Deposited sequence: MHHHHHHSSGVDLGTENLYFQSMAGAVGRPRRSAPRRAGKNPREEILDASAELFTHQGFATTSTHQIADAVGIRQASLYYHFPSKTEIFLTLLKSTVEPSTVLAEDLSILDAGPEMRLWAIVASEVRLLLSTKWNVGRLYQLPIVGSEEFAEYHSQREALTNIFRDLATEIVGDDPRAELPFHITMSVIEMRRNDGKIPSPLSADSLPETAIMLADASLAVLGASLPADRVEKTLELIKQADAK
């Protein structure tokens, strides 16, 4: 739809140029519409950017919340998040790195992000107790942002039948750093949760 075209164009521009340098004019001239048609869908560039930020975290929060012992739970959650970040045309995961998202304009995003971070931390604490390594799984998950392409081709299309290698490797590492043992058939077990949730 037209809205989706604006979002796709904006994800390309924001991920390559940053926020400040990108304008509603460029986004509209890139979608091939007049500026008024952009404004019919979005009050400004700020709302567009917020929408993209949410897409990065709200799905994982919803799923991460809904997700067996703690090793399997954490592994599945890491794999799913990394799976989500590899599933998109552009690398919209790098958007949280922009210093502007520090501003209170984006407080909605802050809240959602710390809620997701909390989910990772509390799961890891179930595994290693009062150990500062509990912080690490989230950060390991987010390293996918510096791994994938941003040329417009999707790194790994979402599939019900597989997990991409990078999601597997990063979820394995998320448990490794905690000294936790990696569960048998973890890929199949994870895939089941995704079928469960996504209906």
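Numbering the deposited sequence from 1, which residue ranges have no coordinates here?
Missing CA coords at 1 to 40, 108 to 111, 244.
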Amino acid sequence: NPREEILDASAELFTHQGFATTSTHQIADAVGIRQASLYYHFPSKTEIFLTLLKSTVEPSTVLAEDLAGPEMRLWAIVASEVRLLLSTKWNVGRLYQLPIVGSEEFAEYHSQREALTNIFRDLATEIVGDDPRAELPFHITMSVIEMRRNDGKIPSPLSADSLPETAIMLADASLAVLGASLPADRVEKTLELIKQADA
From here on, numbers count along this sequence of modelled residues.
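Tell me which stretch, 8 to 16 or 183 to 191, has the higher mean Cα B-factor listed in the entry.
For C-alpha atoms only, the mean B-factor is higher in 183 to 191.
Name the higher of the two by mean Cα B-factor in the PDB entry, 75 to 83 versus 113 to 121.
Comparing 75 to 83 with 113 to 121, the higher mean C-alpha B-factor belongs to 113 to 121.
Per the PDB entry, which option out of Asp172, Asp29, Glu47, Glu58 has the greatest Cα B factor?
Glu58 has the highest C-alpha B-factor of those listed.
Based on what the PDB entry reports, which of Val62, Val144, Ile168, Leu38 has the top C-alpha B-factor?
Largest recorded C-alpha B-factor: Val62.
Among all modelled residues of this chain, ranked by Cα B factor, put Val128 in the bottom, middle or top third, i.e. lowest, middle or highest.
For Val128, the deposited C-alpha B-factor lands in the highest third.
Would you please rank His139 by its C-alpha temperature factor against the other modelled residues of its chain and give the third it falls in: lowest, middle or highest?
Answer is lowest: the recorded C-alpha B-factor places it there.
Where does the C-alpha B-factor of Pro43 rank in its chain, lowest, middle or highest third?
Lowest third, going by the recorded CA B-factors of the chain.
Using the B-factors in the PDB entry, rank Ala107's C-alpha atom against the chain and give the third, lowest, middle or highest.
According to the entry, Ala107 has a C-alpha B-factor in the chain's highest third.
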